[PDB]
Structure formats: C-alpha cells, structure tokens
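Asks: I have a structure here, written as structure tokens, and I will follow up with some questions on it.
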Amino acid sequence: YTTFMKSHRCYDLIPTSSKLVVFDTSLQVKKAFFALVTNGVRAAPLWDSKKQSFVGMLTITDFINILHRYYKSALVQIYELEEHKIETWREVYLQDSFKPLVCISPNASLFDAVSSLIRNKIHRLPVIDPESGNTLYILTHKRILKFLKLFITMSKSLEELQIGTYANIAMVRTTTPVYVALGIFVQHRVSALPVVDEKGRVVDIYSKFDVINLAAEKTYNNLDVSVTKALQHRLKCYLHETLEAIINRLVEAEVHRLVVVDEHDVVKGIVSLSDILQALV
Amino acid sequence: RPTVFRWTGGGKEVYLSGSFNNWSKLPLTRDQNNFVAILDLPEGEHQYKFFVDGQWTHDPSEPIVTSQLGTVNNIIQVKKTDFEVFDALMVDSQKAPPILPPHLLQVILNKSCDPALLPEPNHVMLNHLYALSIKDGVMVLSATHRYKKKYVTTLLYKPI
Amino acid sequence: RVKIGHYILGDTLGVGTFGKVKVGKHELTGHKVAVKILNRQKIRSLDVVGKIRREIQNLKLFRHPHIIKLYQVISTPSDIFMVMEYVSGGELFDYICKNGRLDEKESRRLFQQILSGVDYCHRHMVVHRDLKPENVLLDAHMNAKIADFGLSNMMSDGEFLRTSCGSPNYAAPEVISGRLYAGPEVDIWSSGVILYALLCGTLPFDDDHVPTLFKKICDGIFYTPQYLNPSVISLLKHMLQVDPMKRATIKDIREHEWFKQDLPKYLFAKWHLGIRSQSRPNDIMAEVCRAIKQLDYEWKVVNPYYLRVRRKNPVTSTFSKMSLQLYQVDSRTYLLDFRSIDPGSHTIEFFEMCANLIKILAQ
Ligand SMILES: Nc1ncnc2c1ncn2[C@@H]1O[C@H](COP(=O)(O)OP(=O)(O)O)[C@@H](O)[C@H]1O
Ligand SMILES: O=C(O)c1c[nH]c2cc(Cl)c(-c3ccc(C4(O)CCC4)cc3)cc12
Ligand SMILES: Nc1ncnc2c1ncn2[C@@H]1O[C@H](COP(=O)(O)O)[C@@H](O)[C@H]1O
Ligand SMILES: Nc1ncnc2c1ncn2[C@@H]1O[C@H](COP(=O)(O)O)[C@@H](O)[C@H]1O
Ligand SMILES: [Cl-]
Ligand SMILES: [Cl-]
Ligand SMILES: [Cl-]
Ligand SMILES: [Cl-]
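Chains as they are written, first to last, in our numbering: chain A, 1413 to 1693; chain B, -14 to 145; chain C, -1 to 361.
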C-alpha cells in the first residue's frame, strides 16, 4: 500500500489547470485574510520581496491566532488585525520560536510529501519546481486521500486497529463563546471542536473552516457569541465499522475527520484524515 | 557520400570529366536548362571540367584552380559537415502599432464548483500579464504559466 | 540514371513552396517516392534556413494516415533532398475539376480525413497555413494527404503569428487584413472552403474583381446552392465566421451532427491585460524607455513597438527577462502588454518586474 506512494510523483496529483494566490509579506494582514475568502482558498504562500524567496504560508490558524491573541472586546476594535502587515505579525507569532518553510518538489514521491506532512505537523504543503522556483500547487490531505481511494480496487474494526486520538478530546458546548473556542484550537493545536448539548450527546462541530466565515461576513469583531449562533449560517462513525468503510465515508462527504460515537450519540474518540494516511506510512 | 553536378545552360550533349572518374566523359541528363549527375565521392579535394557541345569549360560560378600549366578546372571540397542535414543547415545559417488580437481579451479567472480549478487557457494568452484595478493602495497581478502538461495561474497581492 | 538514396529521380511532379518535387523509383523494388529539392544556396538567399530546419524537425516525427510522410532527408554539398511518400491520385483540385462536386457521403469522408490531419498538426503545435485542394493529394484508394508544409509555422506559448501566407480564395479575413492571429483559426477557415469546394465543386469566395473578392471574404458572405444539406450549411456558416472568436474549433466541428455521421474510428472582479495609455504611440514608446532606464534595466529595441528587457536580481544574482509590446485597442486608445521570457520564483520576479513600471505609468 505504502509502496504505491514511494513510486508516484507529486506532479501526477497537480490538477490540469489551477489557481495559486501569493501574498507579499508587506501586505496588510486584514487585506490578506479577505483575499483568502474572495479567491476561495484555505492557504496562500508568502513572498518576502527583501529576501527574494517564499518565507512561509498564510492560513486560518494565523487568523485564529491574531483573533484570540488580540481580541480585547466586542465594543473595541482589534486595532492590530486592522492595521498590521503579514511581516509585523509573523515577527510577533514567531519571535525566538522560529519555524522555516517546508516544501516538496513535483518530481519527489507522494510518500515524501505524506511523511513531510506528519514530520512537520502541517495540513497545507506547497509544491515548488527546483529550476523555476515557482509554487505550483498546495498539496492537501484531502487530495492525497481522494487519489488513494480512486486507486483502491486492514479490513478490520476501528477499535481493533486503533487509529487516531481517543483520549482527552478537546470539546465545546452549545453556549461556548467563539473567543473561548478559538483559545482551545490555540493551546491544543487541533482542527475541529465537537459541539455537545445539555448531556454528553454531540449536536454539531465547529471547525477552523467555520472561522473563515468571521472574515467573510466581517463579524470577527464579536467573538463573545456562542459557537451555535456562529454556526447559524448553515457526521459520525462507530467503533464496530470497518476501516475501508470509514475511508469510504470520509471521501463520500469530502470531510477531514469523523467522530467515533457511542450508542446514545456521545463522543468516545476521533479519527482524522492525517491519522489514516499515517497508518498507511 | 553523394555529390550533385549541375550545368545551368543549354546543349545537345554535355559531359562531366573529373579526377574522381579518371577524366572520363560521363554524360549529364537534361531536364530544362539543367544537366545533372549525382555521384558518390570521398570526403576530399576533387577537380572537374565539363564537355558542353564540343567545348571544354568550367562552371564560372563554381570555385576554380589554375594549374602551373595554365589548366583551369573546377574544384570541389566535399566536407564531412555537407553529409548530415542538421550539421549542413547549421553551417548554412552563417510603422504603426499592431491591432490587439481578441484572444488576449479572453481570460480563465472570470469565466458550486472548486474555486482553485480553472479552464485550460489558449497557448497564446500564457505568460501575459493581467492586473485588477488598484483598490485600497494594493496592486493585484495575474498570469497563467505552464509546467509540463499542467497550467498554474498565479495571483500576486503586492502593496504599492 | 540520376540516383539519390537508391531511387532513380524522374519527372518533376510540381514546384512547391521552396523547390521542385520529383518522382523517385527504387532501383530494385520499384517503390515510388516524392523528392523535394532545396538548393542550399537558394535556401540561404531567402532567409528560410531556419524555417527549413523546423519544417524537417516536425515532419520527421509526424505519422498520420492523411499527412504525406517524410521518409529521410539526404544532404549533399550543393542541395538538400526531402524523400517523401508518393500518391498516384494527384491533386484533389484536379479531381474536383475532372469529376464534379462530390456526393454528400463522399465529401464527408474526405473532409473527416483532412480535418483529422489538420487536428494532428495543431495537436503538435504546427499550423500548415495555405491549406488548399491543390495541396491535398489523393492516393489510389481515394485518401486525402496534406502536403505543402513550406508555409507551415510553429505555435509558441504566448505568441501570435503575422505572416499573410496562402491563396486569397482560401485565406482567412484576418490573414487578408494582415492582422495578428493564433494559428488554428486560419486553418479552420481554409478547411471550411475545402468543404465548400468538395460539396459544390466551386469556390465560395471567388471573383475576378479582386476588391469585390476581398469585400465578400471580410463580409463572410457566400452562396449556398439549393442542393446543399442545411446541416452542412450550418457547419459552413460556423466555420466561415469573420470573427475568429465566433469561429468553429476542431472540438466544435467534432461535436457537429453532420461531421459525426458515419465517422470512422481510426481518425481522432474585472481583470485587465497590461495598461492602456491614450497618448501618441511614438510618445508612449519614449515614455516607457524613460521609465525602463529610470529602473536600471538593460534592453534591446526590436520593432518601434516591441522591446526585450533584462533585470539583474540583487539577491539571487540571476538575470530575468520579459518582453513589451504596444498594440492598438480603439481608434482612440492603445495598450502595453507584458510577456514573460523563460534561485527565487520566476513568475513572481516577473510580477515584481512589471509592477514597478505600472506604478509609474498611465491606465
Ligand atoms: N509549509 C509551511 N511552512 C511554514 N509554515 C507553515 C507551512 N504550512 C503551514 N505553516 C504554518 O503552520 C501553522 C498551522 O497551519 P495549518 O495547520 O496548515 O492550517 P489549516 O488547518 O487552516 O490548513 C500556521 O501558523 C502556518 O503559518
Ligand atoms: O531545378 C532546380 O532548381 C534544382 C536545384 N538543384 C537541383 C538538383 C538536381 Cl539533382 C536537379 C535535378 C534532378 C533530377 C533531374 C532529372 O529529371 C532526373 C533525370 C533528369 C533533373 C534535375 C534539379 C535541381
Ligand atoms: N477535537 C479533537 N480533540 C482531540 N484531538 C483531536 C481532535 N481533532 C483531532 N484530533 C487529533 O489531532 C491530531 C491532528 O488532527 P487534525 O488537526 O484534525 O489533522 C490527530 O491525532 C487527531 O486525532
Ligand atoms: N465530523 C464531521 N461531521 C460533520 N461535518 C464535519 C465534520 N468535520 C468537519 N465537518 C464540516 O466540514 C467543514 C470544515 O471543513 P474541514 O476542516 O476541511 O473538514 C465545516 O462545515 C464542518 O461542519
Ligand atoms: Cl505546381
Ligand atoms: Cl512507372
Ligand atoms: Cl497510391
Ligand atoms: Cl475547385
């Protein structure tokens, strides 16, 4: 199975015609998050004009970070987000704690890419040609998982094989404010937070993707709202379900994770797209 | 090692005598005002003359060589480079503004579905620079490029 | 016996774009070939030395049942010989002269074959301009064979063609108007007249009075005889569009109900370009030169409207090239186009190179 990845080049997964959005580090950070929304993209590389190279990647995590790090109140402006460049914020977020750009060549194997995702604990990996130095495509877990499912022509229970995090699951409630919830994604470094009712039963899920709605609807200035109010603008699995069926359920919905739930719809663990690709590595 | 011998002029009978054929009257074939003969010769120096209707001559347009005895024969230096086509073609090689073609007025960005995915562009509009009006003192730049049999439209958000 | 390869050169078949074409019968087998003769001295007299190099390169790797195959190129010190496949049938033109027009079924068969070849060329970024029934030869079994690639040309990424080559009756409006073109569109117009000629036995655009011929061509106005099938009349109306943007694509022809019939298996947020300054074109060129030099960039003035500029990178210490061309949109406005010429990102370096110029320029 993994032998298939070590053979197939990154290039094969790049679509016939794609769109890439690049922000110069000198761009005002608020303009940058609105551009991610208008262009309908979850990640954009960053070109440092002074350095004459791609120094990094701007994602929703950066928006979650600025928001939670700098939100003072609903009554006051987040003056930083409003007037701060991507470079000014990149310096604050990464002071002594520095992290360089992680990239893959289109000639390199699909395995090299999957291994580099888990190696650096990232969801967005840019593809760069060595000679040209151009960023071609942003390789995601969902795209690799899609190509792999289209290739399958194991077979045991989710409890038997034991894949993913099943201990101390980060969660929110119905009434939980967005600010509080952002603070969870910050200290825990997780992608989504299951929303639970009056009892242990899970009614919804607030993902990092549901945070771009704040940028889109320009509502980020009020993070005092409950996670349910926030989700007003618009799936689980069982421990006895087979791995092949779980992989099938995730792709026939194009979702990053599934919740391992109990008989009375109560959370017991989680299984992310990241974990499945790791087991097959 | 084939060499072309051609006599541009008229005649009832034309012949070719050469070092390569021990100066024997080899006859040339007429088409129009051209009398030809193609023959394999070793890569070296060769002398030749023509016997055009009872008269010995050389092609004045072709290189000659005058003997110590006052004999004028044409000369031919069949070089190795003359044999291979691409080697020969290499040695051989030594107002008002245009109206804008309507093709450049067709983009893939403007004309549900995946926001990243785009239509295949016409080869003709690739490498061309497109830009969106400067709003809020920030310039937007775009261009579609190709890497192998795939295309990438890069958008640059650069302040000005 | 005048020999080349091992074939005995015979009678002149005709005279092509750059030289005579002769028959060749093999010394032993008797197999017949067509030999194009290109005098090295005459090919250097016209500056076609490069064109011939390309012409060979292409044809030497092509292999389609409806394109005359180039077997071998023999170089001699004097001339160059192109050994090609021979077809007994001769011109399609002469066929349509002796016999009349072709019956719907027969016309369709041949048109499918020609278009197949035309597609194959375009699929290989080669555009044979000058596509006429005179350049469509037939074999003993009545198969079309595309032949004079002397006026052909390559299709480059981001570049247009200018050469107004081909016969006036078969030439596209943009070709006769001498305007710029991409390449495939001009072959489609020619394929359209070839289709007309096959069905009607006459030319759609024809007149002794040259100005009224050119008027009709640019007015895309022709006669459709009563005997013509409305479905093929719909195909011709689509192929003979004066606007290239409204013209049929090989994909649009392939999709057509007349074409498809009995078709054999074996064949087949507003963005803006550059900047638009309304000033005098001679003054815009002087302005862009005053702008490029004010940025410390080395260039080369080709046309009085085309410039090729290079920039030394202060960080990666790599030279990056880009070309500038000024076109004419309205009768009132003109626009300046920026093309990329093939470390850090080449694409981004280009964007940054252009941006500087625009920040100090009009519309
Ligand atoms: N290739 C990369 N090189 C450097 N930093 C990166 C890269 N990709 C992402 N990052 C950083 O990793 C952090 C988390 O990003 P990520 O998990 O990919 O976001 P998302 O879940 O929205 O896709 C961010 O602070 C971002 O700047
Ligand atoms: O014509 C031109 O411009 C030529 C330029 N270079 C040439 C080289 C050759 Cl070899 C010939 C040639 C070839 C064959 C014949 C024959 O028909 C076979 C017997 C008589 C006649 C002339 C012709 C030209
Ligand atoms: N809500 C959550 N609580 C705890 N762990 C989680 C949660 N969501 C995902 N994980 C785990 O976090 C890791 C990375 O997940 P992800 O960010 O979703 O790709 C994996 O080991 C997941 O199992
Ligand atoms: N386990 C899940 N069940 C249902 N919807 C989910 C789940 N995980 C993510 N989503 C939805 O997927 C979107 C976020 O996308 P992503 O982070 O790519 O998975 C949001 O609309 C979430 O509600
Ligand atoms: Cl002829
Ligand atoms: Cl015969
Ligand atoms: Cl035949
Ligand atoms: Cl005719």
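Just so you know, even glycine gets a beta-carbon here, dropped at the ideal spot from N, CA and C.
Identify whether A:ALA1456 lies in helix, strand or coil by the three-state DSSP scheme.
Replies: In the first sequence, residue 1456 of chain A corresponds to position 44, counting from 1. It is a strand residue.
Asks: Classify A:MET1566 as buried or exposed, calling it buried when 16 or more other Cβ atoms lie within 10 Å of its own Cβ.
Replies: The residue labelled residue 1566 of chain A in the question sits at position 154 within the first sequence. Exposed, because fewer than 16 other Cβ atoms sit within 10 Å of the Cβ of A:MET1566.
Asks: Does B:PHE5 get closer than 9 Å to chain C when you measure Cβ to Cβ?
Replies: Indexing the second sequence from 1 puts residue 5 of chain B at position 20. Answer no: the Cβ-Cβ gap between B:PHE5 and chain C never drops below 9 Å.
Asks: Please report the residue range of the beta strand (DSSP E) in which A:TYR1549 lies.
Replies: Here residue 1549 of chain A corresponds to residue number 137 of the first sequence, with the count starting at 1. First-last of the beta strand (DSSP E) with A:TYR1549: 1547 to 1552.
Asks: With burial defined as no fewer than 16 other Cβ atoms inside 10 Å of the residue's Cβ, what is the status of A:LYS1442: buried or exposed?
Replies: Here the question's residue 1442 of chain A lines up with position 30 in the first sequence. Its Cβ being crowded by 16 or more others within 10 Å, A:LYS1442 is buried.
Asks: Determine which residues of the segment 102 to 127 of chain B have a Cβ less than 8 Å from any Cβ of chain A, and write them out in chain order.
Replies: If the cut-off is 8 Å between Cβ atoms, the segment 102 to 127 of chain B has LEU102, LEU103, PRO104, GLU105, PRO106, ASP121, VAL123 near chain A.
Asks: Report yes or no: do three or more beta-carbon pairs, one from the segment 1536 to 1554 of chain A and one from the segment 1618 to 1630 of chain A, lie closer than 8 Å?
Replies: No: fewer than three Cβ pairs fall under 8 Å.
Asks: Could you check which residue in C:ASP128, C:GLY199, C:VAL286 has the C-alpha nearest to that of C:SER189?
Replies: The residue you call residue 189 of chain C lines up with position 191 of the third sequence. Measuring from the Cα of C:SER189, the nearest candidate turns out to be C:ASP128.
Asks: So, is the C-beta of A:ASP1541 closer than 9 Å to a C-beta in chain E?
Replies: Protein chains A, B and C are contained in the structure displayed, whereas chain E is not.
Asks: Would you say the beta carbon of C:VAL21 comes nearer than 8 Å to a heavy atom of ligand 5?
Replies: Taking the third sequence and counting its residues from 1, one reaches residue 21 of chain C at position 23. Flag unset: Cβ of C:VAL21 not near ligand 5.
Asks: Quick test of your reading: B:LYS135 and A:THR1428, contact by CB under 8 Å. State the CB separation rounded to the nearest angstrom.
Replies: As a first step, residue 135 of chain B is located in the second sequence; it is residue number 150 there, counting from the start. As a first step, residue 1428 of chain A is located in the first sequence; it is residue number 16 there, counting from the start. At roughly 6 Å, the Cβ-Cβ gap stays under 8 Å, so B:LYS135 and A:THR1428 are in contact.
Asks: Could you check whether the Cβ of C:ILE215 sits closer than 8 Å to any heavy atom belonging to ligand 4?
Replies: Counting from one through the third sequence, the residue named residue 215 of chain C turns up at place 217. Not under cutoff, so the answer is no.
Asks: Throw me the rounded Cβ distance for the B:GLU28 and B:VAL63 pair, which I believe falls under 8 Å.
Replies: Residue numbering aside, residue 28 of chain B sits at position 43 when the second sequence is read from its first letter. Residue numbering aside, residue 63 of chain B sits at position 78 when the second sequence is read from its first letter. Yes, they are in contact, since the Cβ atoms of B:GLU28 and B:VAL63 sit about 5 Å apart, within 8 Å.
Asks: Mind checking whether the beta-carbon of B:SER4 lies closer than 8 Å to any heavy atom of ligand 7?
Replies: The residue given as residue 4 of chain B occupies position 19 in the second sequence. Not so, every heavy atom of ligand 7 lies at least 8 Å from the Cβ.
Asks: Run down chain C in chain order and give the residues with a C-beta less than 9 Å from the C-beta of A:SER1429.
Replies: Position 17 of the first sequence, counted from the first residue, corresponds to residue 1429 of chain A. Here the premise fails: no neighbours, minimum Cβ distance about 14 Å.
Asks: Pull up the distance between the alpha-carbon of C:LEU149 and that of C:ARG177, whole angstroms please.
Replies: To locate residue 149 of chain C, count along the third sequence from 1; it is residue 151. To locate residue 177 of chain C, count along the third sequence from 1; it is residue 179. Spanning the two alpha carbons is a distance of roughly 17 Å.
Asks: Given a threshold of 16 other Cβ atoms within 10 Å of its Cβ, counted over all protein chains shown, does C:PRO312 qualify as buried or as exposed?
Replies: For the purposes of this step, residue 312 of chain C is taken as the residue at position 314 of the third sequence. Classification of C:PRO312: exposed, given that the 10 Å Cβ count is below 16.
Asks: Please decide whether B:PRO100 counts as near chain A, where near means a Cβ-Cβ distance under 9 Å.
Replies: In the second sequence, residue 100 of chain B corresponds to position 115, counting from 1. Judged by the 9 Å Cβ criterion, B:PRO100 is in contact with chain A.
Asks: Looking at the secondary structure, which residues open and close the beta strand (DSSP E) in which C:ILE72 lies?
Replies: For the purposes of this step, residue 72 of chain C is taken as the residue at position 74 of the third sequence. Looking at the DSSP string, the run of the beta strand (DSSP E) that includes C:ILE72 is 68 to 73.
Asks: May I have the straight-line CA-CA distance separating B:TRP(-8) from B:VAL21, to the nearest angstrom?
Replies: Within the second sequence, numbered from 1, the residue matching residue -8 of chain B stands at position 7. Within the second sequence, numbered from 1, the residue matching residue 21 of chain B stands at position 36. Taking the straight line joining both Cα atoms gives about 6 Å.
Asks: Checking contacts by CB at 9 Å: is residue 368 of chain C closer than that to chain B?
Replies: Outside the displayed span of chain C (-1 to 361) sits residue 368 of chain C, for which this structure offers no information.
Asks: State yes or no: is the C-beta of B:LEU102 within less than 9 Å of the C-beta of B:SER127?
Replies: Taking the first residue of the second sequence as 1, we reach residue 102 of chain B at position 117. Taking the first residue of the second sequence as 1, we reach residue 127 of chain B at position 142. It is not a contact, given that the beta carbons lie outside the stated cut-off.
Asks: Beta-carbon distances below 6 Å to any heavy atom of ligand 7 define the shell here; list its residues in chain order, please.
Replies: Going by the Cβ distance cut-off, the answer is C:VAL85, C:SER86, C:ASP137, C:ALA138.
Asks: Does the separation of the CB atoms of residue 171 of chain B and C:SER154 fall below 9 Å?
Replies: Any question about residue 171 of chain B goes unanswered here, given that chain B covers just -14 to 145.
Asks: Does the separation of the CB atoms of A:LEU1626 and A:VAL1590 fall below 9 Å?
Replies: Working through the first sequence from its first residue, we reach residue 1626 of chain A at position 214. Working through the first sequence from its first residue, we reach residue 1590 of chain A at position 178. Yes.
Asks: Between which two residues does the beta strand (DSSP E) harbouring A:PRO1538 extend?
Replies: Counting from 1 along the first sequence, the entry for residue 1538 of chain A is found at position 126. From DSSP, the beta strand (DSSP E) with A:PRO1538 extends over 1536 to 1540.
Asks: Do the segment 1558 to 1574 of chain A and the segment 1610 to 1619 of chain A touch if we need at least three Cβ pairs shorter than 8 Å?
Replies: With the cut-off at 8 Å, the segment 1558 to 1574 of chain A and the segment 1610 to 1619 of chain A do not touch.
Asks: Between C:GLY14 and ligand 5, is the CB less than 8 Å from at least one heavy atom?
Replies: As a working mapping, residue 14 of chain C is identified with position 16 in the third sequence. Yes; taking the cut-off as 8 Å, the Cβ of C:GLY14 has a heavy atom of ligand 5 nearer than that.
Asks: With DSSP as the reference, label A:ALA1525 as helix, strand or coil.
Replies: Along the first sequence, one-based indexing puts residue 1525 of chain A at 113. It is helical.
Asks: Sort out for me which residues DSSP pairs B:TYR115 with in a bridge.
Replies: Residue mapping note: residue 115 of chain B aligns to position 130 of the second sequence, counting from 1. The partner list for B:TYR115 (beta bridge, DSSP) reads B:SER127, C:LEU271.
Asks: Check the DSSP bridge columns for C:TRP297 and list the partner residues they point to.
Replies: For the purposes of this step, residue 297 of chain C is taken as residue 299 along the third sequence, with counting starting at 1. Bridge partners of C:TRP297: C:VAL307.
Asks: Beta carbon of A:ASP1687: closer than 8 Å to some heavy atom of ligand 3?
Replies: Against the first sequence, residue 1687 of chain A aligns to sequence position 275. Correct: A:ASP1687 has its Cβ closer than 8 Å to ligand 3.
Asks: Can you name, in chain order, every residue of its own chain whose Cβ lies under 6 Å from the Cβ of A:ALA1642, other than the five neighbours on each side?
Replies: Position 230 of the first sequence, counted from the start, is the residue given in the question as residue 1642 of chain A. Within the same chain, A:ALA1642 has close Cβ partners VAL1590.
Asks: For C:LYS143, write down the residues that DSSP places opposite it in a beta bridge.
Replies: For the purposes of this step, residue 143 of chain C is taken as the residue at position 145 of the third sequence. C:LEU135.
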